[PDB]
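Report on one structure; see the data block that follows.
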Amino acid sequence: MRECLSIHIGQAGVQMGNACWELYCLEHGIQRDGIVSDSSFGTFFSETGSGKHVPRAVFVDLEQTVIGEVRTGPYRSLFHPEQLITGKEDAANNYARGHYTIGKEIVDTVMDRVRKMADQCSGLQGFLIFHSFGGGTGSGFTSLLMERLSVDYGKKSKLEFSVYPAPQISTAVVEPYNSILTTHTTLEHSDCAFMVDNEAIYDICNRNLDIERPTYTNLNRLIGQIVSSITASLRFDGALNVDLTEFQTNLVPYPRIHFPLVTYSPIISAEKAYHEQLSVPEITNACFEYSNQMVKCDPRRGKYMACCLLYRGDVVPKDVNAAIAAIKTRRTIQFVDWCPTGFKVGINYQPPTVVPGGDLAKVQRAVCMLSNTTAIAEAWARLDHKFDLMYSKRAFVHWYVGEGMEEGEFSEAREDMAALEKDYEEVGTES
Amino acid sequence: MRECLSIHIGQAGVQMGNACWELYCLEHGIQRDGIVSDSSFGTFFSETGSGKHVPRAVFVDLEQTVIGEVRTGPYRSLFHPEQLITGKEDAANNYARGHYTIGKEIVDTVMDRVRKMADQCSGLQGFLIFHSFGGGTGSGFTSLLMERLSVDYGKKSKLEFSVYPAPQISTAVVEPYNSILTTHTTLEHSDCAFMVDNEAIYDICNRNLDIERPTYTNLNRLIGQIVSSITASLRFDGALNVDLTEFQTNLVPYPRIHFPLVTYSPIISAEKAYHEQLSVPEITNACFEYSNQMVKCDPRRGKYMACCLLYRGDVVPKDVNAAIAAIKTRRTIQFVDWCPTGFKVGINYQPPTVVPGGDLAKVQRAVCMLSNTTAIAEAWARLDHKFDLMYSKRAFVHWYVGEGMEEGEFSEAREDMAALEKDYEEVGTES
Amino acid sequence: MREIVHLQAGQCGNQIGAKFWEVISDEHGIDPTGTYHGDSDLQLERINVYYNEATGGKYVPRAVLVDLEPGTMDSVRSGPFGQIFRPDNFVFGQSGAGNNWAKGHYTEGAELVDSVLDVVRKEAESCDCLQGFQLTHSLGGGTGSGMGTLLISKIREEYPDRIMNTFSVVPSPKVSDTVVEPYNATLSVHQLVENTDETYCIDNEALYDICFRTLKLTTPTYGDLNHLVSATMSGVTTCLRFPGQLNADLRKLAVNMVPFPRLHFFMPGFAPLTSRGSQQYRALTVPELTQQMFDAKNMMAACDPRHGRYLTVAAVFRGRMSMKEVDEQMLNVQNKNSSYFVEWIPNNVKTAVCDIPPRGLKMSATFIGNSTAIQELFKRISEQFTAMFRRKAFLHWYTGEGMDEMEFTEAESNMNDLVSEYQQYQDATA
Amino acid sequence: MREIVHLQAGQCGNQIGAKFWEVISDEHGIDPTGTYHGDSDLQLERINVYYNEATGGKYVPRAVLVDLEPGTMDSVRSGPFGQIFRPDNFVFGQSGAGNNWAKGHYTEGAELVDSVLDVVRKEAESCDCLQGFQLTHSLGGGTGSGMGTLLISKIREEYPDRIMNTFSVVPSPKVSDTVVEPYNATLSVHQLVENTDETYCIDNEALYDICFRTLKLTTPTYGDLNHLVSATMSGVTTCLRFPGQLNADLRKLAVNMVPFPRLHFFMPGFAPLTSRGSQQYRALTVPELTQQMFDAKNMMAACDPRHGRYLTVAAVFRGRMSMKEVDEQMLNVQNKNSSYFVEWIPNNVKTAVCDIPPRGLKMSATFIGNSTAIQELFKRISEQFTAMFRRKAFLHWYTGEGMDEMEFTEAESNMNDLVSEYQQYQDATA
Ligand SMILES: Nc1nc2c(ncn2[C@@H]2O[C@H](COP(=O)(O)OP(=O)(O)OP(=O)(O)O)[C@@H](O)[C@H]2O)c(=O)[nH]1
Ligand SMILES: Nc1nc2c(ncn2[C@@H]2O[C@H](COP(=O)(O)OP(=O)(O)OP(=O)(O)O)[C@@H](O)[C@H]2O)c(=O)[nH]1
Ligand SMILES: Nc1nc2c(ncn2[C@@H]2O[C@H](COP(=O)(O)OP(=O)(O)O)[C@@H](O)[C@H]2O)c(=O)[nH]1
Ligand SMILES: Nc1nc2c(ncn2[C@@H]2O[C@H](COP(=O)(O)OP(=O)(O)O)[C@@H](O)[C@H]2O)c(=O)[nH]1
Ligand SMILES: [Mg+2]
Ligand SMILES: [Mg+2]
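Residue numbers (the authors' numbering), protein chains in the order written: chain a, 1 to 37, 45 to 438; chain b, 1 to 37, 45 to 438; chain D, 1 to 430; chain E, 1 to 430.
Put into structure tokens, the structure is as follows:
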């Protein structure tokens, strides 16, 4: 187990990155100035021959505003200045700009850094990519990087965390175009994508957590724990270690179906923690309830195809088997017929850490679930419906066309998206 | 290993010389007053029987302005007054003046000093010549010295550092005439020339270094490190010593192809140093990138014919072999077919020193590369194109003719230059 | 002297081996540094079986630890007994297998196969009379199933005469740890069914049950399950290491246990297993041990033996014993459980007794049974295999590593034959 | 007594010699000042082999240090053992060779050749029974390849009966240190192939490999590589310096090792080489040493011996030994590696044993092998030579020193014959 490289693209990805790297530093004990006041922090950090550890990340954006905060923020000393790549003019929520016109200018600079980062790795498990599914830079430039990375690093894991457009909440008018276009250009190249919706996490903050005034500092901070659970196996020892490539081997039965949804348990406030045991069954049963999943799509509306329970902390393997056995015998919880075995257990010894000032309570035992469910097809369909509803009248096509993109690309994108919907239908039925 | 003599001609060469000699004094610990507050500083210095060391250099110029600064500068006591030869009237950027009319008057005075300098040497490795390829004195008078030195000191190394005209930046209108004329008169006599462009070094100061206000005190100071790396083997001990004559034996396959380009790594600011390991592979890989070479010609556009990696400092021979092995297996980096072996390794123990007030950081490990690449033909061609574009209409020929030069010389110069371009074509192709 | 070389592949194999060598070293009185601090001279009488003696009394176990990723092996170095293994035997790769048999058998592990053989050959030459090899791994994993079978095929080609045992952890019936276990298990068995002489099938589900009820352990960790597996592993080789009234080496067990070459899959067992609460209330005598070993509640395999019949059974006792009691109790089991043995074998029990008991126990026994009930285990895996392969559930990962779909059907057909062969002998002449 | 005079040419030769005399002096218990402070009387029994005794017990090694430029030799003076060599033996020029064989053989070195012979002749006369000369240098350099061959031809003309060994560093296959090595190597070999009786080919690439994996040295410097080369150099001459059960002087090795006069290029080896981490885990016995010396991973030449066959092999042991173990292990290697020796030589191993071990080791061995695989080394150099000379890549430097192009083709043709001769004997009678 050796390096995994994290690429944070766009305002969403970068703001998630600083939350993630703040979490990484605390776990390994690296101060905010990069000094290490033992042998496992090399996966995400490089020792600068002086006791100073540099994160193995490339922060890319087309606007200086977001990366300017990091340069002037508390973690200014942490990051290598050359890694913080920034553009001149934002993508203006336009996929075509982020991909063709302004994206092409800065793509080479990013690849130059990635190659230098990759060369200093004895082993390179893969790439983590943090981006927003809806947006100019976070969706147009990531498609460029996915295409560029694939040719150079074929058959290396390329994980991505994507902010899928919420079914009901939206913060931009042309998201359906941006989201569908990026899906077309990443389906063939990406290995698997962990989907999270802002609306779903907002609901958790109100019901599970007692925070009545959540902010993106809360969503990103909570989302950071998801990545920590996924990469804990690389960075820590424990029974049933789960490497990075085991995810694509287990959670992706077919090449085009690689969009597992995210779930995390427990998520409880400090006051509400005193009244709960939080045993292995207690946390485990929460992961399979609609009230806790981080995508607003209802899992009960469909069937599962694979799951990976990334247990963490003071947990006992026997209880994991017993709790999992109880889940499989539920009639309400349905697993597709052609997959007799759906669970991919993983256990780690390092408990989750407590971020000072956070809204999450100290838990000596936590579980993170990654599940590939056909219910996510209900999310693509709404995106498809929202697309042709605008494209029929050419709602905003002139902006995209003028940026060096052809109208035919819109037709191809939906046609590829239409097949993806059909694929989930085919896999969800058995004789 | 014994004396190498440095001749600094023209404003460019002299201003480079004071930067170089400032560097030499600090390395050996000679104060600015020539006093030595142990056995290897005799290559470039002569002990004046009193504890005062005189540099073994001849500073020649046709205008008192530049040498007047040295006479009144901090190093006034350092140089032998008779060595600082100065003329009355500048060459006025005219090659003919610097060679025929005003050059002929002062040539004898220079040779008188050189002979006296040479006589006091038990062994004379060769001559270093610092000059500007474009200019009156730096290009016209150096041709005289090359012709005069060759007859007296046949088969002795005559190294030269030349400021090749930048492809895009230019500070004089008649450089193409001056540069081509000097090339014709030095091709047969010079052994090899290290080429540097002002535009290329300007780019490094902005990108690699963080200096937004570079000056010739920065270019010359950086250029001084190139000469120090080249002559460190003579002045210091270490595995794989590289004498002065090994350069002409290794980097010059054919007599007319002796124009290696310059490259130096690392070049990093103090602040940016904290975030880099600067291991042997890190510095080595930089030397072969277009972003660091000191000639704006793109190396990737051509093929290499020989290279000499002059490693320096706390370096390990095994890492040198491993790093070099990695380079040779690159497909993008191409070496000409008829040269199975291209690298000429050289390692020295003395680390580079830090010039107080400089823009370069303290590095315990540095590498300097001299490479003979066919891509330099793209630099001669632009000079050739810029020549006939003016000579067809006789843009400035009247100035040159009136100074005792014949028009036919212009035709011969380009014809010789044309063959040189053809030579690089012939060597760059194999069955 | 008779000598064995131990191979451990994957996370499961390496972690079992770590506990196994803790048990083996403790019995022979070896300090964690490798020095000998035992009290009885009989420990060094056959210490050559497992340990190569180095200068200064530092005994080095001849174990080869293989793992395509440094992770698991790194923890072994920092473990309590990490400093006993030879550093050069840690043949670790960089790119770990993604829990797919193809990568650990064709693409990645194939690059590391040559390196492992170099270490093994040196060990084999270090022996004066090599007996056989041991492999510890899991059939559900990628490296273990992949690298383990690749090693088995290669060493078999290079040591056809010698023996090779395989203590293989088998997928549990109810709860699984990996999604794609059926593909790995079916392919792995296709290699073991023809290349190994004896196998000791173990499943975590049975071991969890033993701790839950037979041992009353509230919080069992793999530090506990691997001890039971090690205890059985030590019992099988006790006769080699120590004397006894009636001995049985590895070859003796295989000849008696295996009627037909392809039916070489066994299910182990151990006794006595008693909780500290129930330790006081139970007498430790041969009759009590015999009942527990033949109890279906103590088998280390999920398959219930009562659902099938026994072809051959082997009980290896340890410690001070009475041969008359051993024969009487075996006679009782033979008659009482009349229908649990195939008639066409007149007697099915092969007994062996060793003088030295294990750890602080004064008496112990290890159970080995070649039941036909294990056909149920292979039946379930095939059913799960066909459920996925019917529509290529996860086949693109295997096909992308160089495997061909024709291999999957060949493995499926070969696996189906094994069940049919097992069912044939469950019948009786009359 | 039998006596040898050491010659070291160039940077490579001089620096190897400096480490070589540190090892030799340490074994005989010589203080850096030249005084003797040893403990065993057996050190002075044959100290005449290498050292001329001066007044006051100050033993002076009879080594001739030649270098066309003062640089390298100047550091030797300031080194730890600089004050042991005689000042007059430092025959240093001023104009160093520009890494071209022509300058070091015809123009510059030819002026210094006469001076060197004056020092050598005095040393040769100082001996009572001179055995042979030793030359340490590099084939890729200018002075070493040039001056070394010029010395060899001259001294051969003046000492035809005596022996001359040549420990020559040979260009590495992958990474080179000089651009024009092919020209120097091909010309140098053309001189050695007919003027020297035995050669010990060494390459830095193999030595780097030994340190990397066989010795686990993180930062190897030439202070480390030259020690391994010196260790082998000391082993070859141990029988002269110290007694043993079965001795072998320089002449004995050459007669046994060289079947045909032109096939006198060898590849050395040494054992035991163990990292401090792995030192504890390995037993030091004759069987262990034999495996390592014949291991292709320990050869000091890039060419893999398994790609060819052995014509003759010599293993010189040191320290307390058992002759039966030596014969048994050599018998094992002879039979086990059946196809690694040419049949037309019934037995290929020439053994020798010395009583005294080296430094603090209790047992050591030095390996010498006249493999036909070395034909690969000459094959590569010729291929590189023809690649450059096909269009006169760097020929103007050599032609300007007085050489003629006809010499290059003569050297090329002579070199091609050597490969053809090697290939002829790789065949078998049947
Ligand atoms: N969870 C979370 N989502 C964010 C955050 N910041 C932005 N987003 C999401 O990003 C979506 C819009 O795309 P952005 O990422 O903001 O835009 P971009 O990536 O900078 O690309 P541009 O169009 O060039 O600005 C919004 O709908 C938000 O939901 C954040 O900090 N946390
Ligand atoms: N790098 C560097 N280049 C210089 C420096 N000084 C002058 N030059 C270059 O010299 C070129 C013009 O020739 P000069 O050397 O200035 O003129 P000269 O050698 O004094 O000859 P004259 O024509 O007689 O003045 C300019 O294009 C500059 O690029 C210097 O200090 N550093
Ligand atoms: N009994 C036991 N089984 C284990 C242990 N560790 C892992 N396993 C089993 O190993 C299986 C996973 O395969 P694994 O060997 O980790 O994959 P590999 O590293 O590629 O060989 C799981 O189904 C676990 O049941 C252990 O310590 N004890
Ligand atoms: N093993 C070893 N090789 C060396 C050493 N120094 C130099 N070399 C080799 O010598 C070669 C260069 O030739 P060199 O002898 O320095 O040129 P010369 O001075 O004209 O003889 C390089 O290819 C190096 O590999 C050393 O200390 N040890
Ligand atoms: Mg933006
Ligand atoms: Mg001027």
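We put the beta carbon where it would ideally sit given N, CA and C, even for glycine.
Measuring from the CB of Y200(D), is there a heavy atom of ligand 3 at a distance below 6 Å? Residue mapping note: residue 200(D) aligns to position 200 of the third sequence, counting from 1. No, the beta carbon of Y200(D) sits no closer than 6 Å to any heavy atom of ligand 3.
Pull up the CB-CB distance for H138(a) and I218(a), whole angstroms please, since I reckon it's below 8 Å. Position 131 of the first sequence, counting from 1, holds the residue named residue 138(a). Position 211 of the first sequence, counting from 1, holds the residue named residue 218(a). So it is not a contact: roughly 26 Å between Cβ atoms.
How about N416(D): is its C-beta nearer than 7 Å to some C-beta of chain a? Taking the first residue of the third sequence as position 1, residue 416(D) is located at position 416. No, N416(D) does not count as interfacial toward chain a.
Taking Cβ positions only, does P70(D) come closer than 7 Å to chain E? As a working note, residue 70(D) is residue 70 in the third sequence. So no, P70(D) is outside the interface.
Span separating the alpha-carbon of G34(a) from that of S84(a): Translated into the one-based positions of the first sequence, residue 34(a) becomes position 34. Translated into the one-based positions of the first sequence, residue 84(a) becomes position 77. Rounded to the nearest angstrom, the two C-alpha atoms are 7 Å apart.
Cβ shell of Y51(E) (< 6 Å), same chain only, five flanking positions each side left out: Position 51 of the fourth sequence, counted from the first residue, corresponds to residue 51(E). Within the same chain, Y51(E) has close Cβ partners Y59, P61.
Report the rounded CA-to-CA distance for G17(a) versus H87(a), giving the unit in angstroms. As a position in the first sequence, residue 17(a) is number 17, starting the count at 1. As a position in the first sequence, residue 87(a) is number 80, starting the count at 1. The straight-line gap from Cα to Cα measures roughly 14 Å.
Spatial neighbours of residue 459(E) in its chain, beta-carbon cut-off 6 Å, leaving aside the 5 residues before and after: Residue coverage of chain E in this structure runs from 1 to 430, which leaves residue 459(E) outside it and unanswerable.
Figure out for me which residue from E3(b), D395(b), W406(b), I211(b) has the closest Cα to the Cα of residue 446(b). Chain b is shown from 1 up to 438; residue 446(b) falls before or after that span and cannot be answered.
According to the neighbour-count rule (16 or more other Cβ atoms, all chains shown, within 10 Å of its Cβ), is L187(E) buried or exposed? For the purposes of this step, residue 187(E) is identified with residue 187 of the fourth sequence, where counting begins at 1. The residue in question, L187(E), is buried, as its Cβ has 16 or more Cβ neighbours within 10 Å.
For the segment 159–179 of chain E, enumerate the residues whose C-beta is nearer than 7 Å to any C-beta of chain b, in chain order. Cβ proximity to chain b below 7 Å picks out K174, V175, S176, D177, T178, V179 from the segment 159–179 of chain E.
Residue closest to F378(E), alpha-carbon to alpha-carbon, out of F133(E), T143(E), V170(E): Taking the fourth sequence and counting its residues from 1, the one referred to as residue 378(E) is at position 378. Minimum Cα distance to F378(E) is reached at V170(E).
Do the segment 329–341 of chain D and the segment 199–216 of chain D make contact, defined as three or more Cβ pairs closer than 8 Å? no
Ligand 2 and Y431(b): does any heavy atom of the ligand fall closer than 6 Å to the residue's C-beta? Here residue 431(b) is taken as the residue at index 424 of the second sequence, counted from 1. No, since every heavy atom of ligand 2 falls outside the 6 Å radius drawn around the Cβ of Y431(b).
Please report the residue range of the alpha helix (DSSP H) in which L246(E) lies. Here the question's residue 246(E) lines up with position 246 in the fourth sequence. Segment: none, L246(E) is in no alpha helix (DSSP H) and carries neither H nor E.
Which residues in chain E have a C-beta closer than 7 Å to the C-beta of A124(D)? List them in chain order. Locating residue 124(D) in the third sequence gives position 124, counting from the first residue. Within 7 Å Cβ-Cβ: nothing; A124(D) doesn't reach chain E, min ~12 Å.
Contact criterion: CB-CB distance below 7 Å. Does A54(D) meet it with respect to chain E? Looking up residue 54(D) in the third sequence gives position 54. For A54(D), the answer is yes, since a Cβ of chain E falls inside 7 Å of its Cβ.
Taking Cβ-Cβ distances shorter than 8 Å, what residues in chain E pair up with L247(b)? By one-based count along the second sequence, residue 247(b) stands at place 240. At a C-beta separation below 8 Å, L247(b) has these neighbours in chain E: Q11, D177.
Three-way DSSP call (helix, strand, coil) for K400(a) in this model: Start at 1 with the first residue of the first sequence, and residue 400(a) comes out as number 393. Secondary structure at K400(a): coil, using DSSP grouped into helix, strand and coil.
Would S115(E) pass as an interface residue toward chain D - the criterion being a Cβ-Cβ separation below 7 Å? As a first step, residue 115(E) must be located in the fourth sequence, where it is residue number 115. No, its Cβ sits nowhere closer than 7 Å to a Cβ of chain D.
Classify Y297(a) as buried or exposed, calling it buried when 16 or more other Cβ atoms lie within 10 Å of its own Cβ. Within the first sequence, the letter at position 290 stands for residue 297(a). Counting Cβ neighbours within 10 Å, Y297(a) comes out exposed, since fewer than 16 surround it.
Unbroken stretches of the alpha helix (DSSP H), 4 residues or longer, contained in the segment 77–110 of chain a: Listed in chain order, nothing qualifies, since the segment 77–110 of chain a has no complete alpha helix (DSSP H) run of 4 or more residues.
Between the C-alpha atoms of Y106(E) and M406(E), what's the straight-line distance to the nearest angstrom? Working through the fourth sequence from its first residue, we reach residue 106(E) at position 106. Working through the fourth sequence from its first residue, we reach residue 406(E) at position 406. For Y106(E) and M406(E), the distance between alpha carbons rounds to 15 Å.
In the DSSP output, what is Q300(b) paired with across the bridge? Indexing the second sequence from 1 puts residue 300(b) at position 293. Paired residues: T270(b).
At a cut-off of 6 Å, is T144(b) close to ligand 6 when judged by its beta-carbon and the heavy atoms of the ligand? Stepping through the second sequence from its first residue, residue 144(b) is reached at position 137. Within the cutoff, so yes.
Run down chain E in chain order and give the residues with a C-beta less than 9 Å from the C-beta of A332(b). The residue given as residue 332(b) occupies position 325 in the second sequence. Those within 9 Å of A332(b) in chain E are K174, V175.
By a C-beta neighbour count over all protein chains shown, 10 Å radius and 16 as the cutoff for buried, is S172(E) buried or exposed? Taking the first residue of the fourth sequence as 1, we reach residue 172(E) at position 172. It is buried - the Cβ of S172(E) has at least 16 other Cβ atoms within 10 Å.
Buried or exposed: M153(b), going by 16 or more other Cβ atoms within 10 Å of its Cβ? Translated into positions along the second sequence, residue 153(b) becomes position 146. It counts as buried.
Does the distance between the C-beta of residue 512(b) and the nearest non-hydrogen atom of ligand 6 fall short of 6 Å? Not covered by the structure: residue 512(b). The range shown for chain b is 1 to 438.
For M1(b), which residues in chain E fall below 8 Å Cβ to Cβ? Taking the second sequence and counting its residues from 1, the one referred to as residue 1(b) is at position 1. Simply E69, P70, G71, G96.
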